[PDB]
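Next up is one chain by itself, shown in structure tokens, the form deposited in one PDB entry.
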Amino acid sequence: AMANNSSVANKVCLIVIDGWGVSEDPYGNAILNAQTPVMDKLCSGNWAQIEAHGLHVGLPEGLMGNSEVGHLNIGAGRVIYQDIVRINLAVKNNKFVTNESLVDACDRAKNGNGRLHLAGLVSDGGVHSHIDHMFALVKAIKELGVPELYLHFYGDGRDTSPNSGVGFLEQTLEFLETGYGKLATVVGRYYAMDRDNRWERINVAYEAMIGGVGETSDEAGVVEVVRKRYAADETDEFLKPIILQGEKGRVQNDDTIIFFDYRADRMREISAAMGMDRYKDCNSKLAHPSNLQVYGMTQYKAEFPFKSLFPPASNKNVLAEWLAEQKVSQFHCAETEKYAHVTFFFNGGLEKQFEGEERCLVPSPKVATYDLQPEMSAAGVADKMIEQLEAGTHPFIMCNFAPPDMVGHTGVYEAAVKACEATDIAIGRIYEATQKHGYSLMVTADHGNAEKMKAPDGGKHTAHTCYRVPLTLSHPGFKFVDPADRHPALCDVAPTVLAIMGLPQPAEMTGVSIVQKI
């Protein structure tokens, strides 16, 4: 128990059903078709339906939700953005020109020797990078007034077929006359983007960038150089270096460099060769430049000192942390299959247990597949939550219910039906104890699943869905309201909890409470 447990206005019990979405279509919908009298009552009158997929939860548009994202967003009281979504939003919304690390890098160049470099995979493959990110960067760098910009083009031959490079090269050249920036290197990813510690490969790109070791060319003719490579059966992935500009186009002493790939695994070696001691591993006859600073689109290794344009989200003052800071104790409970989700992920994506936080794990059943015991261990989770309600120790308690997602993944419709009936029973037992012991009950889900067990052709559908999830509230003194500018979403669950409890909301929660007092 924590010192301020008494100051709380309302004690709250939060049930996160796993894989329970709202769909009015009955075909293969195990939730609609199950006997679910408890949720039928809670999901009536004052209840909301909130988004748990796509950009509402920080995922690419149209992509289904999942347990890790779902619990992260539920616990955070804000949208947790996947890296790609963050960068594409920055491009769409012209946010690079005020990006803290990009501004820092351009200030560095401006107060120094004026020289900046851009390096990465240049194609529309979208696995490691996108040319659109490089274009957005060039435009921002120009607007920020950097004197000299050079581009190092790593040719793509795996994510964009082996003969498209000549087109991305032509596109880049045409782009640059913008009227700003100069192409300095072309080399295949086989050399620049090795991830198997074959530093003799890395050395070709390192020497190309530092020393101009390669075939000399200029903007005029560079496409013909590449065509000559194609005719000799040397494709994009494997292009040996082509050198444009002269020493001025090389990565020199005091220069600043930005890698624009957002996937770390194939950038660790080249970035480390430029900005740390791995140049020693290259065995280059060239001298390593002094006083370089390297920036990455994202964090490539925690051990690296490089600043990142989009570093890992700090995720400060998630609900669990804020309650501890407010001196309010809490309880998190799940069975084994979702135990990590209510702990590691619910608490912001890190291994941390906060002062006053008590955790409880219920063993999952030992069966080959969960359709053989569709009720799983929902009953035992219910037992532990009822025990906490009778104690009354913790003003905020929460649990996860596993059956709908885990049985949903089997594709067995009748098993999913039994799973939803057992889950509804457990919810009813918790609800009756909340009403006897003075807790307000909120039921949600992290994403849907069991409401869609059949594909259109009548076969199994074993995946999560994009349907909305419920949000219920037993307290009669509140009414659900929508946000001003967007649909309600999981980021709004935690702000709302705090409102009911009568606690302050931290600035870091950019979600909003979606209830009003009445």
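If you superpose the two forms and keep the largest set of C-alpha atoms that fall within 1.5 Å, you have the rigid core. The numbering used is simple: start at 1 and walk along the sequence shown.
In terms of unmodelled positions of the deposited sequence, the chain runs continuously from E200 to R201 in this entry. The stretch with the higher mean CA B factor, choosing between 449 to 457 and 49 to 57, is 449 to 457.
231 to 239 and 181 to 189 differ in mean CA B-factor, and the higher of the two is recorded for 231 to 239. For the set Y262, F346, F331, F310, the maximum C-alpha B-factor listed in the entry falls on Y262. In the deposited coordinates, the residue among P305, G165, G356, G380 with the greatest CA B-factor is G165. When the CA B factors of the chain's modelled residues are split into thirds, the value for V469 lands in the middle one. The entry lists a Cα temperature factor for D492 that places it in the lowest third of the chain's modelled residues. Per the deposited record, the Cα B-factor of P147 falls in the lowest third when ranked against the other modelled residues of its chain. Annotation for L118: C-alpha temperature factor in the lowest third relative to the rest of the modelled chain, per the entry. When the modelled residues of the chain are ordered by their C-alpha B factor, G21 lands in the highest third.
If you look for the form deposited in another entry, you will not find it shown, but the lines that follow are about it.
Superposition of the core reveals a Cα shift of less than 2 Å for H437 between the shown form and the other one.
Once both forms are fitted on their rigid core, the CA atom of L350 lies less than 2 Å apart between the shown form and the other one.
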